[PDB]
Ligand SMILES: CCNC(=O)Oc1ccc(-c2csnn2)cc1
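There is one chain below, alone, in structure tokens, taken in the form deposited without this ligand.
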């Protein structure tokens, strides 16, 4: 799977909010482009002269993520974050010359991402009470991965001492994205666990944090809630469910070619961190069938 790379796999079956630190610093921002940020401003002006209803928004930038030694006490992960924007994204990661910016970043900074906006996305492996994961079908009319299968998620917007408020907004945002798109009540959702971080090599390496969330509703109840919003309550065009039993071998199915890279990241991390049992009982042949 060349279009996705794992940056982080979390230990302990995934990390709760209380075990993560963020460091928000202008040191973690994109570097100004070799020939000036005028190239970004020109792309944005061109785009507004065709679609004058578009608006900019701030985004978190992922710089790096350091895991503590496994089995230790205290905070288990440090996220190094800066600030970027939708405009900077459209001028760098989504530019036709994005590969040239990666090579120049390696040359100038020893960092393929130094000239890239790299806005941090969030996604969820969302499990139902009857042991299915939730999938969404993307519109065929959007710019990114048209007509492909996705999981719930988005790109959260800004507003350990500013750090703890940023970690809170990351965890809050994946629940809010589930409520907005799947039309579920907030009280049917567990506190998320961070599974890891995956990069989309089709979008010049921009990263998404992938989370596990459990819902107290069955697949049939989740479908009812999604459909009862009507066509205007969701950006997706359909919902469907796969038994967690069958998610284990999803990369061997015909579904795998229809999954967008960030959803592939969510499913690989779910299989490595929530699946793949380590103990004698769940590891026994009848419960973990060989091959």
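Residue numbers count along the first chain shown, from 1.
FYI, the form deposited with this ligand bound isn't displayed, but the following is about it.
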Checklist entry - Taking this ligand in the bound PDB entry as the reference, which of 142, 186, 99, 165 has a non-hydrogen atom within 4.5 Å? => result 142
Next on the checklist: Only one of 152, 196, 192, 91 gets a heavy atom within 4.5 Å of this ligand in the bound PDB entry. Which one?
Outcome noted: 152
Checklist entry - Can you check whether residue 64 is within 4.5 Å of this ligand in the bound PDB entry, heavy atom basis? => result no
Next on the checklist: Can you tell me if residue 204 lies within 4.5 angstroms of this ligand in the bound PDB entry, counting non-hydrogen atoms only?
Outcome noted: no
Next on the checklist: When the contact criterion is heavy atoms within 4.5 Å, does residue 136 count as touching this ligand in the bound PDB entry?
Outcome noted: yes
Item to check | Contact test in the bound PDB entry: residue 45 vs this ligand, heavy atoms, 4.5 Å | outcome: no
Checklist entry - Along 64 to 89, which positions have a non-hydrogen atom within 4.5 Å of this ligand in the bound PDB entry? => result none
